[PDB]
């Protein structure tokens, strides 16, 4: 029986690399820790947000570090520095865009420590050779993206360990018992449609790029009966897991998008998100550090006011493992 969609991904890899740039120098120089949030745009180009805890800056060196950070047009909020690395500011943007283009590849939250970037990905083993080959083709003289791990999926939660995140992680579960109120992918209420979903990219800009696991009793047209979904109707059939059809899909919902843009405007984000739809009920699962927890009340207040017809509950908030 398929519960967490993580179960359809039989493979996992830990990508590693270095790009030289003043942020990297100080990271290595002063033992700093960055969280690196992958973001895709409408043309599926990969970029990154960088997050730095203000209180993790050694006071001895604050002056030098701040002067380097300020060159990158930072936003400081809730004790967190947020820096955007556009395609140009981020030389490695072209290999990561290639990896992303491999259908079953799901990007997890990354990090930078000791000047080295770590990015976990989860995927389906048929795509393993394509991933390996683009890493090898990409290889030139000098610094190359490489593999610290590739093999069976150790779990989405291993990704947190792989990137050296030491902070306590929490699991948040939200439930929405009347999602049909939003129409779109929730419009069909008579067929017992059931699916699981996880984004290929944790953050995105004017686009959708999801892995849907759909109970094969139904097809995509059973879901898309109106024009109120976000993104586009297009899909790519990936394969089967048990009694589920796996799709890469370019449509989504506005509620998850809203929550994402509100939270990043507060310089916080989740490490992982996936959702479950069955029996006409929507479940949202977030894995986060405490920063996100502080803002949950405000974020849900905003989300409720922007989606006033939606019934939205917190099922539970639990520390993990």
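Residue numbers count along the first chain shown, from 1.
Novice: Which is higher on mean Cα B factor in this entry, 208 to 216 or 231 to 239?
Specialist: Stretch with the greater average CA B-factor: 231 to 239.
Novice: Tell me which of 65 to 73 and 34 to 42 has the higher mean C-alpha B-factor in the deposited entry.
Specialist: Result of the comparison: 65 to 73.
Novice: From 171, 190, 128, 122, which pick has the Cα B-factor that tops the rest in the entry?
Specialist: The record points to 190.
Novice: Pick out which of 118, 147, 139, 176 has the highest C-alpha B-factor in the PDB entry.
Specialist: Going by the entry's C-alpha B-factors, 139 comes out highest.
Novice: Classify residue 264 as lowest, middle or highest third according to the C-alpha B-factor given in the PDB entry, relative to its own chain.
Specialist: Its C-alpha B-factor belongs to the middle third of this chain's values.
Novice: Among the chain's modelled residues, which third holds the C-alpha B-factor of residue 26?
Specialist: For residue 26, the deposited C-alpha B-factor lands in the highest third.
Novice: Taking the entry's C-alpha B-factors for this chain, is residue 56 in the lowest, middle or highest third?
Specialist: Answer is highest: the recorded C-alpha B-factor places it there.
Novice: Can you tell me which third, lowest, middle or highest, the CA B-factor of residue 180 falls into for its chain?
Specialist: Middle third.
Novice: Going by the entry, which third of its chain does the Cα temperature factor of residue 225 land in?
Specialist: Highest third of the chain for residue 225's C-alpha B-factor.
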